[PDB]
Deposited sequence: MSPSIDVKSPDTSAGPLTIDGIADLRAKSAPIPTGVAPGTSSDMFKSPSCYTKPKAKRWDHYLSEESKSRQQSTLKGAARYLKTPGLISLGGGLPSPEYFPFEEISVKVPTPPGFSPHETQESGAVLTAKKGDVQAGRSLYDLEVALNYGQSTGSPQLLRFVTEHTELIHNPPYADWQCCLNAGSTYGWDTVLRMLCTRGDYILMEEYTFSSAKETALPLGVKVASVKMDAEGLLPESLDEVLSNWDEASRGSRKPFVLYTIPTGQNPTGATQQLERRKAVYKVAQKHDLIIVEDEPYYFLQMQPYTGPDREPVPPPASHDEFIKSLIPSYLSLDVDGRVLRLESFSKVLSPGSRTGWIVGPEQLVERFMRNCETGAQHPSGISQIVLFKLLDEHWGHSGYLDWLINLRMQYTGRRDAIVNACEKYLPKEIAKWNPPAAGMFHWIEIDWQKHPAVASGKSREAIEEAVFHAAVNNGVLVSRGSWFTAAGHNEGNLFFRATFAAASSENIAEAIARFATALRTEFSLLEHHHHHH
């Protein structure tokens, strides 16, 4: 297996990076030999949409292509001030931060492997080799996929990733499998395409393998109006919005069912590196130790090559950058890339060169992992504050909650039936709108559990992130919400 200490050698022993405009690359330029001793992935021809199968590809002097001259790109230099690994706080970066300059002629001047003229011009649909090498190495270091022909493709984000895998696998009048309570934007992306959602139940630890098996085993084309679904959308770590994180045992169990029913697993994992210690009343010995500490992903267990892993920089570095990637078997990744060519094309070149300078040249794999440890330490303090505030202010007779292990979401259950629903407007939805609107008026924003339902009126929940608000404000916000609850649940 590839370790941080093996990367300098892998690069020495592998082909040079092409530093000209929009060069052909793949992950295969960057993968370690070990990868090719593993078996090949299963084929998925039968699962490709008619749209997706239809998609196709587009020393001498060239007057051939429509690439403009960098002369008429009016950016000579792009600089960013970034934290130097010791200190990662805004105060520390101001104090001791490093300035990274990307110049035109950087490649001629031997300064950089990513020229601003190249970053400012058109790119390929897989993204720059400069950034794809880091993403590929990162994928190998963290997940180490157990099949030979895995590949990364850079993205305009997981939102675009999900839209374009939905188009790749699904047709008008198909079902896909989601968790009881899922990401609203994921469902929001699926419906307009004619894709229906068959929900599968979950516990405090997330997706239940029994329910998944039960839905797929008990599937009748006639009643549902469509064929057995073969796509599973799931958030394994810090589930949106429950915050439930599957342990290794649940994931192995889920993978078995997917093997039996021949499912493609789409793991959307934005908070994968936000795994914290379990909450208590009130450190990683090495980078190998930190990586070992992370509960393994579906990609890690992906013996069959049936997994698409949606990764993003949004919850790790910046949602603004609109930069992510997909990890999957060559055949599906190749299909995704064609959709990018006639769509988003690639994430912004300025986004790519700023990320590459920080991740590749400055931080490296060490500095990046150092930053994710700090992000783990940060979100831990915030996780404690929201749970401490919840039980010190919230009415325990009306509100119930499990403290979360990973993510930035807190799931609060509300006994909606312990409020005067005997007379007048006895609609669970009515108490919901009331409880939400009563919260803004006492000055707190929360997410309505009903937005996250994949589709039944039982208990009601509220989603409360501990990422959005200043650490000091976390306590004040829950109190404000506690007050709202008491008022609304009163005379």
The answer, as deposited-sequence ranges with no C-alpha, is 1-15, 74-85, 310-315, 489-490, 527-534
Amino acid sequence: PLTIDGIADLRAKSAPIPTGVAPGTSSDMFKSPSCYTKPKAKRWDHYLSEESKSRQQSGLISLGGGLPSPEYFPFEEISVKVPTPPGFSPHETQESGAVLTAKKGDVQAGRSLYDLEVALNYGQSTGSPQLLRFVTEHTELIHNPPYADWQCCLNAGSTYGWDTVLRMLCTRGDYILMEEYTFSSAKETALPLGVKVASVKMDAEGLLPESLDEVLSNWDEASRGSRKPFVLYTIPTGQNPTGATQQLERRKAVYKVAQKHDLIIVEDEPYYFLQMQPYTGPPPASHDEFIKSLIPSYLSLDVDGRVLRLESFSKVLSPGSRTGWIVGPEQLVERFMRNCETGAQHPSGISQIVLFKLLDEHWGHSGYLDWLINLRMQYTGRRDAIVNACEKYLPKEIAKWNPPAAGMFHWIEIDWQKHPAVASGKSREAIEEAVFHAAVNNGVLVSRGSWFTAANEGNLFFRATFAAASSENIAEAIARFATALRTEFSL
From here on, numbers count along this sequence of modelled residues.
Higher avg CA temperature factor (246-254 vs 127-135, as deposited) belongs to 246-254
For 207-215 versus 356-364, entry-based mean Cα B-factors point to 207-215
Max C-alpha B-factor within the set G343, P283, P74, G238 falls on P283
One of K187, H143, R338, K400 has the largest Cα B-factor in the entry, namely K400
Tertile call for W325 (CA temperature factor, within chain, third-based) is the lowest
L372: CA temperature factor from the record, placed by chain third, in the lowest
Chain thirds by Cα B factor, record data; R309 belongs to the lowest
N121: CA B-factor among chain residues, third -> lowest
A22: CA temperature factor from the record, placed by chain third, in the lowest
